[PDB]
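Undergrad: pasting the structure only:
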């Protein structure tokens, strides 16, 4: 049983699109110089050589945004069928969903004030 | 024990062996009498 | 439809938002008050819908019979006491207050939902609200390594146990066709089977993590040491009450009231819990660790409470749990009030306190003694009513064993009184030499100690309560 | 001496036994989440073996 | 005995092999970055398995949340805590594994013994395609409390993580 | 394509997740296994929904709530792990043994 009708192109196209990179890239090794491996493998630090140690001094400046993104991105999945069923539902489900959205906005304001 | 130091100065009474063969007699005495009593 | 059973919950929910908004605008407000006000208003809203109307269901996803009223009011009182404790305890540490009470009220709303639920999805979501809030509050003071370690370990363990519960719930949806309800689930499958037993056991694993039963206990000791203390005070009482309400309302009603092997499993867990907590707390030096293993043993007493379902074992659980609320909150108020002033340390530093602060001594002594089953005191009546019920049905080994483990637990409950009373001024510790000698805490301690010292003889008014509550569960 | 040793020691031994039991059972609690991961789900699955 | 049911079968077994291999890669590989990317692969393969089972919304949501957001969060948190993975072995490093293995294996067999013993109710009716309007109806007819309450769940989780990872 | 092997595949993910849950050395590598367990349960639910209860899908909604809560809980877990990395400066989970 398969009622989705609209697939059997997704599969083959996932195949052909997973096959364009591997094939345009395999049509490069057949015609290209080989490796040149001594000093062309070094790492680009603007002409000079890297200093050493090579750490990053990690920060939450990019973690916290992923955190709040996970929150507000889980949230949207609760809204697509709401919008799509808003024809059938009508009232008392808009009143009941603006609660969801208002508590979301409270979370947004919390993250905003910090 | 070491607290019982008076005219009660019997030496061979605190050893574990003598305590054992004293408790044997006392327990066997009460046991012979409880068997005598039931029957 | 029928939001009237829901009012209490959403009422508390309202103030959650409020206690963030005033905390987002002012950053220093009087939020400790009127949270008490809304919790009192909730417990007041419980009376009009206690017995005046009949039991009703929201949509079938939520039922509000007297049992749910009991557990909801209980968890609300636990949150109230924990707030009254934690106001000037969390302020002593360099941390906020608004997010704290927000999370505490959120856990409270979750546990007040889960006591009246009969549907799988909603059970899981409420359980996860309470669990995640606990995961946070365990690590809210991240300046210490042990707090964060406990929060990590508690989070990971609880996530795994919840996933097991969730697998079992998936199976129970699977079996009997669709049915995500609970009265309809134990309605289309009504016979012993392998998969039903697997689902049973996984749900037992999910619940025992909440009610601290052994071998599902290893989180309680480490977490109760590491975590903030008033967090633990809410955690034990509220998480247990939610767990036991879940146990009844799942195993009895939604799950099955046929495959009654779970009684045997709870006998095993209660036996092990009594034998473990009361024995291993006897070898400790910290209070919070001792209280953890105590809580395990008290859970074992409760578990023999409701393993004998005859309309009195369940009632005995309910009463003893109401009573353990007061008792344990009083003990935690006393250890808070000691750890604030100068001490901030373990059992051996309580010595010689009867000269400095006699009020705290009265409080903690009465609470600890009630936990061990001492006469006139409420815990004694709770334990003897447990024994009455569990003996009436025919469990003979459990009664003797629980009695014996209470006789064992009195030892480590009396060590603290040996310290606080017997130890003379020639044996004070360094902490008590320089002891000096807040308001909401004192009034809470009084309101708690008078209860645990008077709510044992004044018992008929709240045995009628519980026996009115427990007409509803099948048996 | 039979009273102070053969009678008293036998019952004080009860306290000794239920003390050393507590001293030696806490090692079950070892401070390892993986040991709980073992004796949580292997703590059960014995409860299924004598069930069905 | 058909071409349309054959593609479903071949795709299903391919996706299942990918899932198993990538999960074993998550769990066995010493390096953890490879494990994170293979975890993303597991998520994609499971989202492709759901489509065979007439669930498209939840499939797109798994591709949108887990691999999209959570996996990125893990790929941040992992370089937050990389220090050349200098771990010295313990003597019982094998022992624990063995225990886990047999325990885990038993569970599988036990679960398998259920899955092949119980008479499932196959319910021969064609499923419904509109698996998104129906979920909208269920969020406001049956499962409304979880909607309204997961709201405050997400609020509380934000409030928690924001004040547990904050640098101070 | 049958319900039986779907259930078996989910149980195999469950087994593997337990193996990674007990075998783990790191602390971020445990949430990965937990997420695998949650995926397995979702898979069981979707199978039940397709075969057993189709005309009103009811397990798909429950899987939506599952992926929701799992995302939130993973968020909170990584937040805790970021904090323990501040103090102990590692994630070797066998160094978090504060009991003997």
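TA: Structure received. Numbers count the residues shown, from 1 in each chain, chains lettered A, B, ... in the order given.
Undergrad: so how far is residue C:441 from residue C:88?
TA: Distance of residue C:88 to residue C:441, given as Cβ to Cβ, to the nearest Å: 7 Å. (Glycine included, C-beta is placed from N, CA and C.)
Undergrad: more neighbours: which of these two?
TA: residue C:441 (21 against 16; other Cβ atoms under 10 Å in any protein chain shown).
Undergrad: residue C:83 is in contact with the more buried one, correct?
TA: No - with contact defined as Cβ atoms under 8 Å, residue C:441 does not reach residue C:83; the gap is 10.4 Å.
Undergrad: show me where the chain has strands.
TA: In the absence of a named chain, chain A is used. Under the criterion DSSP state E, strands are not mapped anywhere in chain A.
Undergrad: hm, I was asking about chain D
TA: Going by DSSP E, chain D shows no strands.
Undergrad: grab the most central residue of it for me.
TA: residue D:25 (4.5 Å; Cα atoms, centre = their mean).
Undergrad: could you count how many residues lie near the nearest residue to that one once chain neighbours are set aside?
TA: Leaving out its chain neighbours, the residue that sits closest to residue D:25 by Cβ to Cβ, 6 or more residues apart in numbering or on different chains is residue C:280, at 5.4 Å. When neighbours are defined as other Cβ under 10 Å, residue C:280 has 27 of them.
Undergrad: next: residue C:467.
TA: Count around residue C:467 with other Cβ under 10 Å applied: 15.
Undergrad: how about residue C:173?
TA: 26.
Undergrad: list the contacts for it?
TA: Residues in contact with residue C:173, defined by Cβ atoms under 8 Å, 6 or more residues apart in numbering or on different chains, are C:120, C:179-180, C:185, F:45, F:48, F:58-59, F:62.
Undergrad: now it: phi and psi?
TA: phi -70, psi -40 (degrees, to the nearest 10).
Undergrad: next, count neighbours for the residue of chain F found nearest chain D.
TA: Using Cβ to the nearest Cβ, the single residue of chain F nearest to chain D is residue F:99, 3.4 Å away. The number of residues packed near residue F:99 is 14, by other Cβ under 10 Å.
Undergrad: could you find the closest non-adjacent residue to it?
TA: residue D:31 is the one closest to residue F:99 (Cβ to Cβ, 6+ apart), at 3.4 Å.
Undergrad: how about that neighbour, what does it touch?
TA: Residue D:31 makes contact with C:222, F:96-100, according to Cβ under 8 Å, 6+ apart.
Undergrad: re the thing from before, give me the common contacts of residue C:88 and residue C:441.
TA: Counting by Cβ under 8 Å, 6+ apart, nothing touches both residue C:88 and residue C:441.
Undergrad: how far does the host helix or strand of residue E:62 sit from its chain's centre?
TA: Assigned by DSSP states H and E, residue E:62 falls within helix E:57-65. Centroid separation for helix E:57-65 versus its chain: 11 Å, with Cα atoms, centre = their mean, to the nearest Å.
Undergrad: close to chain A, is the next helix or strand after it?
TA: Moving toward the C-terminus from helix E:57-65, the next helix or strand (DSSP H and E) is helix E:71-79. Yes - Helix E:71-79 lies within reach of chain A by Cβ under 8 Å from any Cβ of the partner chain, at E:72-73, E:76-77, E:79.
Undergrad: now do the buried residues in stretch C:467-475.
TA: By 16 or more other Cβ atoms under 10 Å in any protein chain shown, the buried positions in stretch C:467-475 come out as C:469-470, C:472-473.
Undergrad: so who does residue E:49 touch?
TA: E:12, E:15-16, E:19, F:6, F:43.
Undergrad: would you format these as JSON lines with distance to residue C:335 and secondary structure included?
TA: Supplementary listing: these in JSON lines, determined by distance: Cβ to Cβ, whole Å; DSSP: H, G, I helix; E, B strand; the rest coil:
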{"residue": "E:12", "distance to residue C:335": "58", "secondary structure": "helix"}
{"residue": "E:15", "distance to residue C:335": "55", "secondary structure": "helix"}
{"residue": "E:16", "distance to residue C:335": "54", "secondary structure": "helix"}
{"residue": "E:19", "distance to residue C:335": "50", "secondary structure": "helix"}
{"residue": "F:6", "distance to residue C:335": "52", "secondary structure": "helix"}
{"residue": "F:43", "distance to residue C:335": "47", "secondary structure": "helix"}
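Undergrad: out of those, which is nearest to residue B:18?
TA: For these, the minimum distance to residue B:18 (Cβ to Cβ) is 76.5 Å, reached by residue F:43.
Undergrad: can you pull the contacts of the closest one?
TA: E:46, E:49-50, F:6, F:9-10, F:13 are the contacts of residue F:43 under Cβ under 8 Å, 6+ apart.
Undergrad: ok, of those residues, which one's closest to chain B?
TA: Ranked by distance to chain B (Cβ to the nearest Cβ), those are led by residue F:13 at 64.4 Å.
Undergrad: if I look at the closest residue to residue E:154 other than its chain neighbours, how far off is residue F:61?
TA: If the residues on either side of it in the chain are set aside, residue E:154 comes closest to residue A:71, at 5.4 Å by Cβ to Cβ, 6+ apart. Computed as Cβ to Cβ, the residue A:71 to residue F:61 distance reads 20 Å.
Undergrad: between those two, who's got more neighbours?
TA: residue F:61 (26 against 23).
Undergrad: which element is that one on?
TA: Per DSSP H and E: helix F:59-87 holds residue F:61.
Undergrad: how far is that helix from where the chain is centred?
TA: Computed by Cα atoms, centre = their mean, the chain-centroid distance of helix F:59-87 equals 10 Å.
Undergrad: now that helix and helix E:57-65, what's the angle there?
TA: 20 degrees (axes from the mean of the first three to the mean of the last three Cα atoms, to 10 degrees).
Undergrad: please consider this matter closed, and thank you.
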